[PDB]
Amino acid sequence: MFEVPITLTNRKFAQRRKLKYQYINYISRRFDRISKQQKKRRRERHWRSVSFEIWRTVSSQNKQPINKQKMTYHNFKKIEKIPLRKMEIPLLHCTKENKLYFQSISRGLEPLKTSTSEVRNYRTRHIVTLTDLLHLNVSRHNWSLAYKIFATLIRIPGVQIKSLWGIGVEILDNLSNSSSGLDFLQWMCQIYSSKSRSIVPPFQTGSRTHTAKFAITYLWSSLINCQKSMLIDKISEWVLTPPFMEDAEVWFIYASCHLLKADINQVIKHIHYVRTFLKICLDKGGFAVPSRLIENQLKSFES
DNA sequence: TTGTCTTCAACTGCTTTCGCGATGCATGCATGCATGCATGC
């Protein structure tokens, strides 16, 4: 009853997405008309926008104005009537289950089986139980079992590493026996930071644009390994090998490295330093409500 | 107008004997991830 961490499937689901986005396109085409293939799905899904430290959202103010009824019954069924037929052609080539699937999604029903629910089979149902027991044991603070789970999981030739916070917290409350925590974190980062589609990202990703998980997690957690102090110039040397260098938040990680080094003219240059990266992190992002707090601290330093 | 030595000044050649010693721009294969197509049961 939880998301699976393996690449969803082969099967039907492609032909279903076919039917879906093909029909979508026929209706939206005739709709702009009246208002006046993996690739068809691709263009289709394509032309569309793809007191505390909140990445504040973009709120409503310069946005738009009001609309007034577009769509009576007699006029919707206009736009519906033709594309449904063109659909009657390749519907003739997809399978019965997907005839009825398209039929119902087109009546506006919504399925009550899931892609997981219907992908039957010895092996996957076993993985499903394995991963469940993982997520359960981790909820239970049963770090030992949990760990056993995780290990037998990743042993299996199907699981992609989308279960890393799995370890990153698991191996984290497991001081016991294994290289851990930062080990995993900076490992993830080093491996998946270069070149060396669906079924993806925010908490996994590749290069050229940003990479939540591994990056920021080791990138603060090492600074927490320096709250273990009271290391830094290392974290800021290899933090100081950008660029993605639009990673503004990592600009704030850098400025944090300088406020922690600051804790004689050396300490000056470290406070000068943090003063610089805070605004080069006015790049944009959006942190630290008043930087005048950071700066009141920097004046407690200036003493 | 015209003779010509007059003058300055545009071209132009060499230099002690031996060994150790190309740049840019278009074409296409390369890599990787995702749909399609062919073999088999």
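Each value in this text was obtained by applying a stated rule to the coordinates, not by laboratory testing. As a convention, Cβ positions derive from the backbone with ideal geometry for all residues, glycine included, and neighbour counts pool all protein chains shown.
Dividing the summed -39500 (n - 2.57) terms of all DSSP H runs of n ≥ 4 by the residue count of chain A sets its mean residue ellipticity at 222 nm at -18000 deg cm²/dmol. Counting beta carbons within 10 Å around each of A:71, A:188 and listing the fewest first gives the order A:71, A:188. Classification of the range A:1-102 by its C-alpha gyration tensor yields an oblate form. The axis ratio a/c (a ≥ b ≥ c) is 1.5 or more, and b/c is at least a/b. By the beta-carbon count within 10 Å of each Cβ, the least crowded to most crowded order of A:114, A:131, fewest first, is A:114, A:131.
Which of the listed residues, A:182, A:282, A:109, is farthest toward the dipole's positive end in chain A, when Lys, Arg count +1 and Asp, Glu count -1 at the beta-carbon? Positive-most Cα among the choices belongs to A:109. Taking other Cβ atoms within 10 Å as a rough exposure proxy, A:259, A:100 sort from fewest to most as A:100, A:259.
Charges were assigned to the Cβ only: +1 to each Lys and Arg, -1 to each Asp and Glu. The resulting dipole of chain A about its Cα centre is roughly 2900 debye. Taking the Cα centre of the range A:189-303 as origin and assigning +1 to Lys and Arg Cβ atoms and -1 to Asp and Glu Cβ atoms, the resulting dipole is close to 200 debye. Taking 7 Å steps out from each Cα toward its Cβ at residue A:50 and residue A:80 produces label points 3.3 nm apart. Within the same chain, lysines fewer than 8 places from residue A:284 are excluded, and of the rest, none has a Cα less than 16 Å from its Cα.
Checking the a/c ratio against 1.5 first, then a/b against b/c, what shape does the Cα gyration tensor give for the range A:177-260? Here the range A:177-260 falls in the oblate category. In units of the rule-of-thumb radius 2.2 N^0.38 Å, chain A shows an alpha carbon radius of gyration of 1.36.
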